[PDB]
Amino acid sequence: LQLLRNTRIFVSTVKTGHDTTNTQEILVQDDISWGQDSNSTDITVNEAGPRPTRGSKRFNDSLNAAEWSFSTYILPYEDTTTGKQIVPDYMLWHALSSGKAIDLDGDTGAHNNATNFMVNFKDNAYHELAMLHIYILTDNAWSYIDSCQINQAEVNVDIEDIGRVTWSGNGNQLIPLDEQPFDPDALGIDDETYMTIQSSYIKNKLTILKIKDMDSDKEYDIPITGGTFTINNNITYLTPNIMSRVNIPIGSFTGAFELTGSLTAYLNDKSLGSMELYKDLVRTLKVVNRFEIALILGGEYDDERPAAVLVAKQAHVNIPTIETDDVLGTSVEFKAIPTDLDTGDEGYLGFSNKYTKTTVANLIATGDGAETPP
Amino acid sequence: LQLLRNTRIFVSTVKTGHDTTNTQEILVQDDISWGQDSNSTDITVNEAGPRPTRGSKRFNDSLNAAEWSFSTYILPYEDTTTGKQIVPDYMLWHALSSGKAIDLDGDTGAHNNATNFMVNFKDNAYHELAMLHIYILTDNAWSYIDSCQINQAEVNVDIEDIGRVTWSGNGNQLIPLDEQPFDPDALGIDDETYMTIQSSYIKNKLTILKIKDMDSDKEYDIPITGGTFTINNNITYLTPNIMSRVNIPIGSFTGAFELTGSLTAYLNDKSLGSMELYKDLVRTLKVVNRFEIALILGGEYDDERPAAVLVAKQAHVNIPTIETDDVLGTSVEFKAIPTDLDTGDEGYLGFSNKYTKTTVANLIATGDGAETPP
Amino acid sequence: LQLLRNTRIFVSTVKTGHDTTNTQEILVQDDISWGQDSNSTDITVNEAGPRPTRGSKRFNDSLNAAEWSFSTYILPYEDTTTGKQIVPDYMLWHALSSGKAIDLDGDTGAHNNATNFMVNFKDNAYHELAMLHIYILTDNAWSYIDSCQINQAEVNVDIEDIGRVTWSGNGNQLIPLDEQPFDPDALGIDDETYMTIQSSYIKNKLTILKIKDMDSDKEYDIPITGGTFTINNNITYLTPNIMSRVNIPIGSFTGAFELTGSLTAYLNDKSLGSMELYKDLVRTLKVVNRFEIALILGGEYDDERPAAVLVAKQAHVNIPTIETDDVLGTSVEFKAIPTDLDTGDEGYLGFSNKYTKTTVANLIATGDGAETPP
Amino acid sequence: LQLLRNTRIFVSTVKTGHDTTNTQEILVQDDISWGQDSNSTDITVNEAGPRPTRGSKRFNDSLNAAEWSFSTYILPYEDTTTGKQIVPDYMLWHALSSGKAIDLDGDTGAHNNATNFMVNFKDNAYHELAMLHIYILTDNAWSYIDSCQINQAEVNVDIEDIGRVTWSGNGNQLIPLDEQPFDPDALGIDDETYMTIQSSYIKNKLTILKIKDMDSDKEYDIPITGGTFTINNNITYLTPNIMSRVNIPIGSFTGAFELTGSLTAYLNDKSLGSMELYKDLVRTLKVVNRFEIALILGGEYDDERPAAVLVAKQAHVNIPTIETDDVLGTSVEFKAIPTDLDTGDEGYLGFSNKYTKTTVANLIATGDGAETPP
Amino acid sequence: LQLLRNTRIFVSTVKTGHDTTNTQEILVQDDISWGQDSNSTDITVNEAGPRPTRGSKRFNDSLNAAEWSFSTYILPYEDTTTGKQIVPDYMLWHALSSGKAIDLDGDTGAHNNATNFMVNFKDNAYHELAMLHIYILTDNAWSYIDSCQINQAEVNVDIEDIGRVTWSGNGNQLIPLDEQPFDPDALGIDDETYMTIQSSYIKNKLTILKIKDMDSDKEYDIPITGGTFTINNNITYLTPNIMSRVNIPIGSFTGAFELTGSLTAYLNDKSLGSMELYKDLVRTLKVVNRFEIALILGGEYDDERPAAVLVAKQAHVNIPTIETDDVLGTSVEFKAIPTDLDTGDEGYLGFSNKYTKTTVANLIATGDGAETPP
């Protein structure tokens, strides 16, 4: 009874009218997790007398926001309906992108064209976010998260493992369901889709890094040894306290979302190498420098190959550190910084199965490698 | 010199007149531990001048309460003298039971009859407790703990390991002894006793759980995957501070003693199963529910078999949690709650080598399975 | 003194009242083995000083479960008392079948009728098993195993050697006996029985295999080159650790028993041949397929002939492998899988001296080839 | 049906357009091997209750990389088309040489001229390698390995046996074929070729060794007793884990390829003999020495004779060992070391049917014995 | 060149002033072995980039302790100079006996008198041992081990083969020598010595065993089927790690030396036979029993005959085991145990060419069979 991965996961914008447009099934890894916790309070009495007592009574106070998390592979493929690049989980990317309706052609948040899929953060600064719903399925059992919201996404550029993304978020409540709400197989993925998928994996070790200085126009060639980057949202949940009858969270505040990254490499002695960058950074000692950072997951080729691209137009670089690893490991940490307070952040995320270096240049320049850049 | 387990342990009510009635030897496991610590204080001076100095002098301040702990197996057997069930370590059970004299027939605290041994907490709420003495013996060496008091007892219902109990407590001081105080072998256990013992072990995996709702009279069948329960006392030690000549603890306060427990199981889809209980608990959301909990260590049979029983007449159940184990592990936590402030707690602990299911029903109903229950 | 095979073996349900009903002598092969081992622990001291020392003292800790094993031929014959097929060693088959009393007519576990002998696993899932006793006899000497339990049985379908079974198990202790406990010859086999036996051997090379697909209703004809199958129980022994006076095992846990098998053949190019099965299995790549497997040890005939039958109603087949043997050897591995968690496994084992193909069909269909199948 | 060596082996760069230029048949020895394996996972449940259960279900997880291996003789002969030395299996030598297109005249990787055939490792450091295809043929049956890559090559310089090479590699999958893909005889070898071949065998026992010190310019004469050398690649295969529907390897990483060797001899007392080398090596104790090593398989002559040559320009020699063989056997182990991290390794491998000592000197000096060395 | 056994072996206390008193030649068997090994470490780099590399450089790290071992026959004979029994290899026996100077009359370690040669372990517990030197000689070549120390000695009491001892040890370094250091023939054995030797061999099959119980004063007669015993030292070598210039061992720690033994026999049914001992040992189950064990290699006679004696005054016997050999083989294992931590071990080893049973009794009683025992 109740085998582990017989669970299946669906995400929906609304709780009724499920179809291939408002609902989507997503592939999941092994370590999927979800749960819901409650607060407790112990009260006891202490007395100075001849006949000491105990009596103590704890009471349930309230419910914490239900937690959920999983991981999935990066997976671009062409939709036969529109002839455009798309990923199975693009609903959640839109949810993280903005708190308004889906429009994959309006260029805001998440969008696509015949060549590639792009994600930006132009219209995300809200007090709330696009409210979604997560449905979990087991053998003859259903459950779902009410009013789930995404909080944190992380990507680890490993040297050996396949590229993946890890997602975590919270919701108001976890509730089981009495019956089957919608078709488990009609709205799911299909065999020919997965046949196209089997060629869309990212060959992780080919990932390449590019750096450019915004002060002296200097550039460096930096071989790398893996790293990470992370987008956060700092969600918070509000809760009134009528503890005489238990309380439930009523809403959420979207704090300041964040984008950070970290890189590792060897200290290399070469022209415009890691040694030169390290010396420049040490001698600089400026309060605020500016740099442009490009990560090409899967590498790049003159031909059409699968790849993903992370772009930072204004990232400020911290002072690097040297470790005692076997061969002189070096580490660098960087943050996203928008130009002035209210303007857009780095934003540009790109994914496709057919990037070429020329298209990569356009994608870096404008956030879209398809059309002619200025 | 000084082989490890050549240590032997005795417990006595008084320091003189040792015999089989006021002293008892108990079997011990490998990980027995004991020790005594002291406090220290460092004083130093800092000066703003041309000739900086150091001088610093630490002083011994006081002694902390000596700590001791060990573990032993649950072990019921019939005493040939009285024809009643008894355990070798029933002195310490009485000590935890009440702060007054031993009476195994007064039904208060610890008692027994021809069928089984029972322990209750009717008369334990004191500012102190029954003061005992622990003697430790090594090859040609003796030591003892002055005014030891029990604090914490824990029982782990494991799926595979034999049932055991772990005991920890404190005392005023640890003092070595110059000579042999009392006979090491005359007051110890004997061979025929241990021959009877070898059949008194508890076959742990047979342990069974029963739950009953006090609101809707509902009951559930819950297969389990091990768990724990714990009794605490929250002892505290008082100490005046004449640090010009070192200090020693002078007495103890018995805080609020406690009884808690935790259980684990699989999410099972069956009538009155774990799924039904989980749904009821989630939908309930009441501040204070009430339940009756029965643990039968060793299981039960219509025939006479060795077993132990833990009874909770009023335990309140917390909201259960679901883990990401290989097959949908679920966890439940519960506490003992007395009816109103000053009345007796759950209390009922039962042990014997010959429980039957009919006797188990009476034991659950009244705390004694021998006589006719109402 | 003490010639080797002058040993004789008896098995009994109880230690007293030995007769032809509760005790049975079984034929044994040459390689019979039995023994009992003990654990040891070495303690030593290391010191940093000018006068280094040695002293080290090992102590006996406990006894491991006594091991025993042997082998015997498959041997069906008709009992003149009941007019039903029976095997000399059917006590141990019942012991492996269930942990309750013998009933060769209740159809549970092991049973028989006027035509054949059957064994099933309907009522075997216990924490323990039917506790038996093994007596070994040598010239003027007796010994016995206390509380022996069967663990593992293996059958090797060889191309040339006679069919045989190999049995291994464990017990609490091995104990010699001071005198002759029961008649060595009155309860043993008799000459006329063995005269009937001499015709009951299995002509091993005639063994045949049948396979049926549960998805496409497909069947194949597979000539074979020998193989094996094995039933396991994963017994475990529990032992408290009072090492100051040596310990002895007190009980056993029956783990998950198991049924597995392996087959070998040549890659044959024929309609519904091994090549076709190999291609189907390679192209399938399904997570869980289902198949029905029939082994007929001794082959089958339209006439009455001696044979044994192994039936797997739901066996899942692993991906076969190809070896570099002289002519393209191929290997297949399979496991027993019950329908859902708690239901009965494959179970059906059949033995007789007079199987016919029509009776074989009924035996495959229902587990009993005597009565009319549905 | 299906006789053993009626198998024939072909290697192709592409799956279509088979001819004498993109496909080649190679001679094989007896012990050719190939296979493909799959992973399995067993899940079971353990419960503490009165009605213990079993149910366990294994699931197929994924496929391991298909393994293949064989051996063949070293075989140089002159091609009538180009008038240059060539070996039948030079496709696989090119595959091991580099991951780019064939060019037997560009001097990179594998090349040749009118005198001899050479192999180098100048352009092999890639993340992948030249992807080839292996076709295996049996009587009325075809199979092939998809995306096979070479991993390991070994050569054993035996005293008595003919020189041979052993090759092992892996591929994505093993797939049978429904029909005959290409002509089995038109693209194979021809009779006159084999008539030329019968004179191209290497008389193994004539193999000679030369050693030169790079520190003191010292040289030694070392009679040898056989040995080995090995080239490795440390290939690795990547595999996503969607185990709800089985997985297949998607790509490979080329690790660090390697070249090592080992030699054996007698301890000989002579000027510049093995004794002198042993004494020098023992007294040296330097961290990194440098040596030049030459192996001439088949020996050398002033006349034109068949031979092969292994050259190590920078090999570092480990400390030799002495064995207890009948006459004072001694063993030496050596590794290839490039000058600095990124430069070319030893590389130089030479093969021909007409080496002369003067040509051997040029081959040692430059890696090509045909043109005038500097 | 360099014939195998033309090697000769000498042992010396010091490296200069070689004579018949500080140097001795010993007979050796065929399988003599010696060698010296070194450690290696491989370092490699892995990079995630477009132009992957290899470069790897191993470095020599340090030298392990040189190993050496051989075997020789037990060989007592009378020295004409002192008129006392002596063995050719008594230097190494003294070395194993103690770490101080030789004194064959001080009764400590190794000593002798006019009747026999004795070895004890009274003064051996040191951090080091008597440092010796081993010289190996071949045709026109010399080598030696620097600071060799004995570690392990083994004796196999075989039924058919002549008695022998096997010795193994380690040293700091193995170094060849440029010239002849000392006379190879003047310090060696002489012809008349070997003429006396030819009568000093031990007729192995006559070896006898005696056992006595230290609890009930019981004794048994045990015919035996061979066995072994072993003395160990657990030497360890220390080594600093300056790997930038290679390291060499600088010293050794003598761990806990050890004495163990194992015996085999048939299960014999006789008064005080092996059956009785087996029953007593099985029923005993005591943690620590005590026994006295006597091995007489070569047997004993009322007349003067060559023999050796091993004495264990306090050996503790493990639980014996029964094997499936052709006739009921039984095995027993025993260890040496000193009385309390720091006192002397069994120690008593005796050798002579003229033991008599009466002298054997005295040797067992006191460790010396010559003088009058108490």
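How each quantity is defined
Residues numbered from 1 in each chain as written, not as in the entry; some residues may be left out. Chains lettered and ligands numbered in written order. Part of a larger assembly, values for the part shown. Heavy atoms only, no water. Contact = heavy atoms within 4.5 Å. Buried area = accessible area lost by both parts, 1.4 Å probe. Salt bridge = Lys/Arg side-chain N within 4 Å of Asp/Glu carboxyl O. Polar contact = N/O pair within 3.5 Å; in protein donor to acceptor, adjacent residues only side chain to side chain. Nonpolar A, V, L, I, M, F, W, Y, C, P; charged D, E, K, R; others polar. Helix = DSSP H or I, 4+ residues; strand = E, 2+ residues; numbered from the N terminus. Pairing = 2+ DSSP bridges. Axes fitted to C-alpha atoms, helices over the stretch in contact; angles between N-to-C directions. Buried < 20%, exposed > 50% of the residue type's maximum accessible area, 1.4 Å probe, protein only. Least-squares fit on C-alpha atoms. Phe/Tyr/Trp six-rings, centres within 6.5 Å; stacked < 30°, edge-to-face > 60°.

Per the deposition metadata, cryo-EM was the technique used to determine this entry, at a resolution of 4.5 Å.

As recorded in the PDB entry, chain A goes by Tail tube protein and comes from Escherichia phage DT57C. The title assigned to this entry in its PDB record is "Tail tube of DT57C bacteriophage in the full state".

Novice: Just give me the short version of the interface of chain D and chain B, but keep the residues and values in it.
Specialist: Taken together, the contact pairs seven residues of chain D with nine residues of chain B. For the chain D and chain B pair, buried surface summed over both sides reaches about 720 Å², with 53% attributable to carbon and sulfur atoms. Among the residues chain D hides against chain B, the three largest losses belong to D:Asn46, D:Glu47 and D:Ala48. Together they make up 66% of the total. Counting across the interface, chain D meets chain B through zero salt bridges. Seen at the junction of chain D and chain B, the total is four residue pairs in polar contact. Here the residues of the side of chain D that touches chain B sort into four nonpolar, two polar and one charged.

Novice: Go over the interface of chain C and chain E with me, naming the residues and quoting the values.
Specialist: Every contact between the two is made by 34 residues of chain C and, on the other side, 34 residues of chain E. Together chain C and chain E conceal approximately 3,000 Å² of surface at their shared face, both sides included; 56% is due to carbon and sulfur atoms. In this assembly, chain C and chain E are joined by four salt bridges. Counting every contact that joins chain C to chain E gives six residue pairs in polar contact. Within the residue set of the side of chain C that touches chain E, elements represented by two or more residues are β3 (33-35), β4 (38-41), β5 (59-63) and β14 (173-177) of chain C. Per-class residue counts for the side of chain C that touches chain E are 14 nonpolar, 12 polar and eight charged.

Novice: Could you give me a rundown of the sheet that holds strand β10 (residues 117-119) of chain D, with the residues and numbers involved?
Specialist: All names here are of chain D. Spatially, seven strands are ordered β9-β10-β26-β22-β21-β15-β16 in an open sheet, and the strand pairing comes out antiparallel. One side of each edge strand has no neighbouring strand; the edge strands of this open sheet are β9 (110-112) and β16 (219-221). With direction set aside, neighbouring strand axes in the sheet form an average angle of 20°. Sheet topology note: the strand β22 (residues 305-312)/strand β26 (residues 349-355) ladder contains five bridges and is antiparallel. Across the sheet, residue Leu-310 finds its bridge partner in β26, namely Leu-349.

Novice: Could you give me a rundown of the environment of A:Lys270, with the residues and numbers involved?
Specialist: All names here are of chain A. Here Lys-270 lies in the loop between β20 (258-266) and α3 (274-284). You can call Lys-270 partly exposed: its relative accessible area is 43%. On a C-alpha basis, the gap between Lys-270 and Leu-1 in space is 61 Å, while along the polypeptide they are 269 residues apart. Here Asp-221 takes part through its side chain, which lies 3.2 Å from a polar atom of the side chain of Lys-270.

Novice: Tell me what's going on with the relation of the copies chain C and chain E, and back it up with residues and numbers.
Specialist: With an RMSD of 0.0 Å, chain C superimposes on chain E once it is rotated by 120° and translated 0.0 Å along the axis. Here the two chains are linked by the operation of a three-fold rotation axis. Closest approach to the rotation axis within chain C is made by the C-alpha atom of C:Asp325, at a distance of 20 Å.

Novice: Any details on the packing of aromatic side chains? Residues and values, ideally.
Specialist: For the structure shown, the criterion picks out 50 aromatic pairs over all chains. With centroids separated by 5.6 Å and ring planes inclined at 85°, the aromatic side chains of E:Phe10 and E:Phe182 adopt a geometry described as edge-to-face. Taken as a pair, E:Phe10 in strand β1 (residues 8-12) and E:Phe182 in the loop between β14 (173-177) and α2 (191-197) lie far apart in primary sequence, 172 residues in all. Overall, the relative accessible area of 3% leaves E:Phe10 in the buried class. Geometrically, the ring pair formed by E:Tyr135 and E:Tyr144 is stacked, given 5.4 Å between the ring centres and 20° between the ring planes. For the pair shown, E:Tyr135 and E:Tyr144 are each scored as buried. Taken together through their ring pairs, the aromatic side chains of A:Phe10, A:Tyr135, A:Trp142, A:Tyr144 and A:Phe182 make up a single cluster.

Novice: Describe the sheet that holds strand β22 (residues 305-312) of chain A, naming the residues involved and giving the relevant values.
Specialist: All names here are of chain A. Strands sit in the order β9-β10-β26-β22-β21-β15-β16 across an open sheet of seven strands; the sheet is antiparallel. Two strands lie at the open edges of the sheet, namely β9 (110-112) and β16 (219-221), each paired on one side alone. Between one strand axis and the next, the sheet turns through 20° on average, direction left out of account. Two strands pair when backbone bridges link them, and β9 and strand β10 (residues 117-119) are joined in this way by three bridges, in the antiparallel orientation. Looking across to β10, one finds that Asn-112 is bridged to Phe-117. Contacting β10, β21 (291-297), β22 and β26 (349-355), helix α4 (residues 357-366) runs over the sheet at an angle of about 165° to β26.

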